[PDB]
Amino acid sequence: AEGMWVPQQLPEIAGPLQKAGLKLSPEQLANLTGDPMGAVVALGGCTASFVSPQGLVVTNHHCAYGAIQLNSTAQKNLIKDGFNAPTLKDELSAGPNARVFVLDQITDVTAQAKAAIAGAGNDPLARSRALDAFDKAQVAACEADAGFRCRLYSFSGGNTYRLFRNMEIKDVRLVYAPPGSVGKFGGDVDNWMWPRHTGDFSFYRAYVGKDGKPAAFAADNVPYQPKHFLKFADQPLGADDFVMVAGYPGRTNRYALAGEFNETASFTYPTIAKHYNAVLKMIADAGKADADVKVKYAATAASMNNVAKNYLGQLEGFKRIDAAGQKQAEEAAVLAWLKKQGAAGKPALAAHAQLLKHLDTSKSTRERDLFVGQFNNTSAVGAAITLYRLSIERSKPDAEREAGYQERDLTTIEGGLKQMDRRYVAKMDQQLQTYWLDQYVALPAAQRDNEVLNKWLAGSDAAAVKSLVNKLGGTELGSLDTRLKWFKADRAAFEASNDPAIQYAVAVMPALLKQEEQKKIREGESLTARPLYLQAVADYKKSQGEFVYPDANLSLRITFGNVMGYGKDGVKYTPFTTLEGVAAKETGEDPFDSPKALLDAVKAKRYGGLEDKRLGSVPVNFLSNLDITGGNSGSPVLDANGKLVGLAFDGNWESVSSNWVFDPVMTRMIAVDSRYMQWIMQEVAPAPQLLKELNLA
């Protein structure tokens, strides 16, 4: 079914759920800290779920990819090889910034949020400050009790504010990853594609201090004991069977202005695609010259490949459903329907007009802003800017610090400086710097107007780029100890420093702060406009009987539907792949190089008792008409009885454009079958201690 339904919409999807075949009572889903919703956790950008009362967490391989990469070396490459922790003490730290967020409480704070915003009257910066101070105040009151992290979510353009309270587990350990030839089978060739044969799963364990409270990594820490964990299905999942997903989709743009869509399709997607593929060929070449570069940049490369392929996908998607025309059509249809509605229709019209003029800005500057933004986000320079920015914010009292730089954020910044150790190589960073500066100096002179960068370049050719990279090569910020010194340092040490990256951070910061204030003014302007227009778009969608659910905003959503394939002319995609499809794609070479143990078990039909008679084999991946996006990776797929039948990990090629214009005919979630997960762990990359802890052994 279409829709990323908030839990508070469970009453309107209660009937649809039962009709699709949910056998649980809908009000069992209503208890978000109950069985099974209470087992569903957020990782920040991925979903996971508890699957044992000893804090065992299951997610996708590509979600654990970060943590596996942090633990990998050129010699001991866990991304390539499995990882298995036979005992608690073998489990590896997923790194200082790894999180499990266990939902505690959702509180609607709409009335108070709207009063805070209104209390600022017509001043747009005042409105943004007012909402930010409201956010900070709600978060501070909510985080008063140790171990909780809270977050204010804005729904439906600001028509709804809800304050989420999570227990934040800060000690997450890697328990099991299949080899990358299973976790990532078919690599970037099969990414965003069906048929799919990817065992995209991994396991973490959540830990807490001896005292029960969240704690950073310590040998003393004990497994978290979740109230609720999912059970693997004992009922074989089959074609047409009900499935549902709970998870944390990050962002959809289905309510975007036709103008926002058009910018994205004509500029952002093609430009990012193009530059990412160029950077990717650079990182791949660097990785061939030094395995340590390949490992240290493997998370970036995976992530940029994903985006670049997705962006291409979305572009083909938009051509396939004429998204430009549908956006146009629906926008005009809302504006007309608003006209007929006499009195009450005028404010929404006005709101539209406001939101329109907002597209006008970035026309000549958008390449420049990408190239400078990308240069400023290379490792050494990014760390300099982050560290300098914190030193500035430290001056201010905590409640006036920029979000991301308050006391409650310090541990995350410090953990970022630490993780960079496993993700930084001077020679690779210098090539990224060179690449983005090369794009800047290739701009027309009129667009090459960044005063600071022009000063530091002292020219507009290759030699000028080389000499500035040469100069930035003198930074000491490649040293962890250096970064951790600067982490603590007064803004005056920064403004005095002769470190070329710090000097650059110091020179660019006035511009960055001005750019950020302009961003906040734009957010202020839209804080009454966006909500009134989207309320009208919604009220118009409702009038035509369409589905009304908010755009994804990284909060908890339910989607549901059934296991089913999709069709194109001449092709019917069947809802399941099987072991034989994996073996059939074997080329002996990346990314189609399964472990010999897999090729031998499939040749021997060693199904391990996991074959589905309807398929005549063990299912690997399955399709369903669920509505998931970025953030839903690792989401548990529950059958009619709330049992784990799989993990969400991907969409088919036609689904990627549903981020903008949803297509019920061809949008499918790809999931990894819980049977393939068990099969891998029995027959291929064994995890006997895990099968026992899951009560499958």
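What we label the rigid core is the largest C-alpha set whose atoms superpose within 1.5 Å from one form to the other. A residue's number is simply how far along the shown sequence it sits, counting from 1.
When the other structures are laid on the shown form by the rigid core, the stretch among 338-346 and 133-141 with the greater C-alpha deviation in 4 other deposited structures of this protein turns out to be 338-346.
For the pair 158-166 and 356-364, greater average C-alpha departure from the shown form in 4 other deposited structures of this protein after core alignment is found in 356-364. In this entry, 233-241 shows the higher mean Cα temperature factor of the pair 233-241 and 172-180.
Higher average CA B factor: 444-452, of the stretches 181-189 and 444-452. Comparing C-alpha B-factors across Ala299, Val100, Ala529, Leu554 in the deposited entry, the largest value falls on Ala529. Of the candidates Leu163, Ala462, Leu417, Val620, it is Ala462 whose Cα B-factor is highest according to the PDB record.
Sort the modelled residues of the chain by CA B factor and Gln678 lands in the lowest third. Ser362 sits in the highest third of its chain by CA B factor, as recorded in the PDB entry. Residue-level temperature factors show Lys339 in the highest third of its chain, judged at the C-alpha atom.
Sort the chain's modelled residues by C-alpha temperature factor and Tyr255 lands in the highest third, per the entry. Per the PDB record, residue ranking by Cα B-factor puts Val508 in the middle third of the chain.
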